[PDB]
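A.B. asks: If you scroll down you'll find the structure; I have some questions about it.
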Amino acid sequence: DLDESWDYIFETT
Amino acid sequence: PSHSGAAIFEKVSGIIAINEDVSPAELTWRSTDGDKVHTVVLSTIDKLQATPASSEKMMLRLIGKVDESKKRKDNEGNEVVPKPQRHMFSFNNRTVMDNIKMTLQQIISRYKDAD
């Protein structure tokens with residue numbers, strides 16, 4: 001389960 | 001060899017090449033080995049975002065423009081039916097990955113203000 005997290009790594013900083 | 005950088009798309013090691021010959025330009029991506037290649041216009045992009053330098057995993061992200069013509073976001077709540085485009089690429093260097101983002105910011109900033 002690392003798909004959703006992929007958006008966070010790019011969403012925020 | 002003008003405007004290019006090591007860009008890994010879909011877990012594939014390849015090199016990217018930006019083409020500023022035309023208005024909307026064009027970003028080509030060919031596999032390092034030679035078999036898989038994809039082409040995506042940069043003009044389609046709307047916003048630019050990437051991971052911090054502190055992040056062990058150096059990667060960039062590109063967000064496309066939204067469809068504010070057919071889609072509707074209610075009046076007080078936002079009822080969006082579709083979703084915006086978002087593509088990310090895996091890099092192996094902060095310098096190279098930074099050269100791409102820095103460029104994409106100028107390409108869109110020049111085509112977004114000019115109209």
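In the structure tokens, the first chain shown is A, the next is B, and so on; residue numbers restart at 1 for each chain, and ligands run from 1 in the order shown.
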Compile a residue-level contact table for chain B against chain A at a cut-off of 8 Å, reporting for every qualifying residue the shortest atom pair and its distance in Å to one decimal, with only C-alpha atoms counted, rows ordered by chain and ascending number, as JSON lines.

C.D. replies:
```
{"residue": "B:49", "atom": "CA", "partner": "A:10", "partner_atom": "CA", "distance": 6.5}
{"residue": "B:50", "atom": "CA", "partner": "A:10", "partner_atom": "CA", "distance": 5.5}
{"residue": "B:51", "atom": "CA", "partner": "A:10", "partner_atom": "CA", "distance": 5.5}
{"residue": "B:52", "atom": "CA", "partner": "A:13", "partner_atom": "CA", "distance": 5.6}
{"residue": "B:60", "atom": "CA", "partner": "A:10", "partner_atom": "CA", "distance": 7.3}
{"residue": "B:61", "atom": "CA", "partner": "A:10", "partner_atom": "CA", "distance": 6.2}
```

A.B. asks: With C-alpha atoms retained, write the just-selected residues as a PDB file, in the first residue's frame.

C.D. replies:
```
ATOM      1  CA  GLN B  49       5.756  20.179  -8.204  1.00  0.00           C
ATOM      2  CA  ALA B  50       8.585  17.916  -7.047  1.00  0.00           C
ATOM      3  CA  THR B  51       9.990  16.237  -3.937  1.00  0.00           C
ATOM      4  CA  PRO B  52      12.364  18.140  -1.591  1.00  0.00           C
ATOM      5  CA  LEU B  60       9.492  15.260 -10.030  1.00  0.00           C
ATOM      6  CA  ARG B  61       5.765  15.709 -10.649  1.00  0.00           C
TER       7      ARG B  61
END
```

A.B. asks: If I take CA of residue 73 in chain B and CA of residue 88 in chain B, how far is one from the other in Å, to one decimal?

C.D. replies: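 That distance, rounded to one decimal, is 25.7 Å.
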
A.B. asks: From a DSSP pass on the backbone, collect the residues of chain A flagged as helix (DSSP H, G or I) and hand them back as a list in words.

C.D. replies: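 Checking each residue of chain A, the helix (DSSP H, G or I) ones are residues 3, 4, 5, 6, 7, 8, 9, 10 and 11 of chain A.
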
A.B. asks: Given the selection you just returned, output its residues as a file containing C-alpha atoms, formatted as a PDB file, in the first residue's frame.

C.D. replies:
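Below is the file selection.pdb, written as the result:
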```pdb
ATOM      1  CA  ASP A   3       0.037   4.152  -4.147  1.00  0.00           C
ATOM      2  CA  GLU A   4      -1.799   6.828  -2.162  1.00  0.00           C
ATOM      3  CA  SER A   5       1.440   7.812  -0.428  1.00  0.00           C
ATOM      4  CA  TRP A   6       2.923   8.459  -3.872  1.00  0.00           C
ATOM      5  CA  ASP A   7       0.616  11.476  -4.104  1.00  0.00           C
ATOM      6  CA  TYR A   8       1.748  12.826  -0.733  1.00  0.00           C
ATOM      7  CA  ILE A   9       5.446  12.685  -1.616  1.00  0.00           C
ATOM      8  CA  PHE A  10       4.643  14.935  -4.580  1.00  0.00           C
ATOM      9  CA  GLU A  11       1.704  16.830  -3.084  1.00  0.00           C
TER      10      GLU A  11
END
```

A.B. asks: Calculate how many Å separate CA of residue 34 in chain B from CA of residue 105 in chain B, rounding to one decimal.

C.D. replies: 28.8 Å

A.B. asks: Hey, can you check how far CA of residue 103 in chain B sits from CA of residue 14 in chain B?

C.D. replies: 18.5 Å

A.B. asks: Tell me, as a VMD selection string, which residues lie within 10 Å of residue 96 in chain B, counting only C-alpha atoms; anything in the same chain fewer than 5 positions away does not count.

C.D. replies: chain B and resid 4 to 7 91 101 to 102

A.B. asks: Determine the nearest neighbour of residue 19 in chain B from the options B:59, B:53, B:104, B:45, counting only C-alpha atoms.

C.D. replies: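 Of the candidates, the smallest distance to residue 19 in chain B is held by B:104.
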
A.B. asks: Taking the DSSP secondary structure from the backbone, can you list the residues of range 2-112 of chain B that are strand (DSSP E or B), as a short mmCIF file (atom, residue, chain, number, x, y, z; two decimals) with N, CA, C and O atoms, in the first residue's frame?

C.D. replies:
```
data_model
loop_
_atom_site.label_atom_id
_atom_site.label_comp_id
_atom_site.auth_asym_id
_atom_site.auth_seq_id
_atom_site.Cartn_x
_atom_site.Cartn_y
_atom_site.Cartn_z
N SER B 4 17.85 18.42 -22.02
CA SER B 4 17.62 17.00 -21.79
C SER B 4 18.11 16.58 -20.41
O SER B 4 18.99 17.23 -19.83
N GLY B 5 17.55 15.49 -19.89
CA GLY B 5 17.95 15.01 -18.58
C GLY B 5 17.48 13.59 -18.32
O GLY B 5 16.44 13.17 -18.84
N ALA B 6 18.23 12.86 -17.51
CA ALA B 6 17.88 11.48 -17.17
C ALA B 6 16.54 11.42 -16.44
O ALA B 6 16.44 11.76 -15.27
N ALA B 7 15.50 10.98 -17.16
CA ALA B 7 14.17 10.87 -16.58
C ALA B 7 13.66 9.43 -16.66
O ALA B 7 13.63 8.83 -17.73
N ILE B 8 13.25 8.89 -15.51
CA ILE B 8 12.74 7.53 -15.46
C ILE B 8 11.22 7.51 -15.32
O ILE B 8 10.68 7.90 -14.28
N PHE B 9 10.54 7.07 -16.37
CA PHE B 9 9.08 7.00 -16.37
C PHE B 9 8.61 5.56 -16.33
O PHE B 9 9.12 4.70 -17.05
N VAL B 12 11.11 2.95 -15.70
CA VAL B 12 11.96 2.67 -16.86
C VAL B 12 13.07 3.71 -16.98
O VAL B 12 12.81 4.91 -17.06
N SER B 13 14.31 3.23 -17.00
CA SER B 13 15.46 4.11 -17.12
C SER B 13 15.58 4.67 -18.53
O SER B 13 15.88 3.94 -19.47
N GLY B 14 15.35 5.97 -18.67
CA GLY B 14 15.44 6.60 -19.98
C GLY B 14 15.82 8.07 -19.89
O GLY B 14 15.87 8.64 -18.80
N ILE B 15 16.08 8.68 -21.04
CA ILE B 15 16.45 10.09 -21.09
C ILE B 15 15.35 10.92 -21.71
O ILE B 15 14.72 10.51 -22.69
N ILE B 16 15.11 12.10 -21.15
CA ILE B 16 14.07 12.99 -21.65
C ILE B 16 14.68 14.11 -22.50
O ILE B 16 15.82 14.52 -22.29
N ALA B 17 13.91 14.61 -23.46
CA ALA B 17 14.37 15.67 -24.34
C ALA B 17 13.27 16.69 -24.61
O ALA B 17 12.23 16.35 -25.18
N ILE B 18 13.49 17.93 -24.19
CA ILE B 18 12.51 18.99 -24.39
C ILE B 18 12.73 19.69 -25.72
O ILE B 18 13.86 20.03 -26.09
N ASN B 19 11.64 19.92 -26.45
CA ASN B 19 11.71 20.58 -27.75
C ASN B 19 10.96 21.91 -27.72
O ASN B 19 9.73 21.94 -27.72
N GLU B 26 7.46 20.29 -26.93
CA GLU B 26 7.25 18.85 -26.86
C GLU B 26 8.34 18.18 -26.03
O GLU B 26 9.53 18.42 -26.23
N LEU B 27 7.92 17.32 -25.11
CA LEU B 27 8.86 16.60 -24.24
C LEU B 27 8.90 15.12 -24.62
O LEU B 27 7.95 14.38 -24.38
N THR B 28 10.02 14.70 -25.21
CA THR B 28 10.18 13.31 -25.62
C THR B 28 10.98 12.52 -24.59
O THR B 28 11.91 13.05 -23.98
N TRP B 29 10.60 11.26 -24.40
CA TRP B 29 11.28 10.40 -23.44
C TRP B 29 11.58 9.04 -24.07
O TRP B 29 10.67 8.27 -24.39
N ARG B 30 12.87 8.74 -24.23
CA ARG B 30 13.29 7.47 -24.82
C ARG B 30 14.05 6.63 -23.80
O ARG B 30 14.87 7.15 -23.04
N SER B 31 13.78 5.33 -23.79
CA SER B 31 14.44 4.42 -22.87
C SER B 31 15.95 4.45 -23.06
O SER B 31 16.44 4.62 -24.17
N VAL B 37 9.51 4.36 -25.80
CA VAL B 37 9.61 5.81 -25.89
C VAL B 37 8.22 6.45 -25.87
O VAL B 37 7.30 5.99 -26.54
N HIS B 38 8.09 7.53 -25.10
CA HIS B 38 6.82 8.24 -25.00
C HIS B 38 7.01 9.74 -25.24
O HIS B 38 8.06 10.30 -24.93
N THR B 39 5.99 10.38 -25.79
CA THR B 39 6.04 11.81 -26.07
C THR B 39 4.83 12.52 -25.48
O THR B 39 3.69 12.15 -25.73
N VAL B 40 5.10 13.56 -24.69
CA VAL B 40 4.03 14.33 -24.06
C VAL B 40 4.34 15.83 -24.11
O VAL B 40 5.39 16.27 -23.64
N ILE B 45 0.78 20.91 -19.50
CA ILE B 45 1.03 21.09 -18.08
C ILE B 45 0.45 22.41 -17.58
O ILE B 45 0.31 23.37 -18.34
N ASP B 46 0.11 22.46 -16.30
CA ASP B 46 -0.46 23.66 -15.70
C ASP B 46 0.36 24.10 -14.48
O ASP B 46 0.64 25.29 -14.32
N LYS B 47 0.73 23.14 -13.64
CA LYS B 47 1.51 23.44 -12.45
C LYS B 47 2.72 22.51 -12.36
O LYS B 47 2.77 21.46 -13.01
N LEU B 48 3.70 22.90 -11.55
CA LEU B 48 4.91 22.11 -11.37
C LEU B 48 5.17 21.83 -9.89
O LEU B 48 5.08 22.73 -9.06
N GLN B 49 5.49 20.58 -9.58
CA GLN B 49 5.76 20.18 -8.20
C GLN B 49 6.71 18.99 -8.16
O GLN B 49 6.61 18.07 -8.98
N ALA B 50 7.62 19.00 -7.20
CA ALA B 50 8.59 17.92 -7.05
C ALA B 50 8.94 17.69 -5.58
O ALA B 50 8.62 18.51 -4.72
N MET B 59 12.41 12.75 -7.10
CA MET B 59 11.43 12.57 -8.16
C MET B 59 10.66 13.86 -8.41
O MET B 59 10.44 14.66 -7.50
N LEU B 60 10.24 14.07 -9.66
CA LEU B 60 9.49 15.26 -10.03
C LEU B 60 8.05 14.91 -10.37
O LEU B 60 7.73 13.75 -10.64
N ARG B 61 7.18 15.91 -10.35
CA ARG B 61 5.77 15.71 -10.65
C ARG B 61 5.21 16.87 -11.47
O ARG B 61 5.53 18.03 -11.22
N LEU B 62 4.38 16.54 -12.45
CA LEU B 62 3.77 17.55 -13.32
C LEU B 62 2.25 17.43 -13.30
O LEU B 62 1.70 16.34 -13.46
N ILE B 63 1.58 18.56 -13.12
CA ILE B 63 0.12 18.58 -13.09
C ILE B 63 -0.44 19.30 -14.32
O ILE B 63 -0.05 20.42 -14.63
N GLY B 64 -1.37 18.63 -15.01
CA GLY B 64 -1.97 19.22 -16.19
C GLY B 64 -3.05 20.23 -15.85
O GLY B 64 -3.39 20.42 -14.68
N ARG B 86 -1.92 14.25 -13.62
CA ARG B 86 -0.73 14.36 -12.79
C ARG B 86 0.26 13.24 -13.11
O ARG B 86 0.03 12.08 -12.79
N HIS B 87 1.37 13.61 -13.75
CA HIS B 87 2.39 12.64 -14.11
C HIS B 87 3.70 12.93 -13.38
O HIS B 87 4.11 14.09 -13.27
N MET B 88 4.35 11.89 -12.89
CA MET B 88 5.61 12.04 -12.17
C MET B 88 6.71 11.21 -12.82
O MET B 88 6.45 10.16 -13.41
N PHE B 89 7.95 11.68 -12.70
CA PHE B 89 9.09 10.99 -13.27
C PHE B 89 10.18 10.78 -12.22
O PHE B 89 10.44 11.66 -11.39
N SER B 90 10.82 9.61 -12.26
CA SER B 90 11.88 9.29 -11.31
C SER B 90 13.24 9.67 -11.87
O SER B 90 13.61 9.27 -12.97
#
```
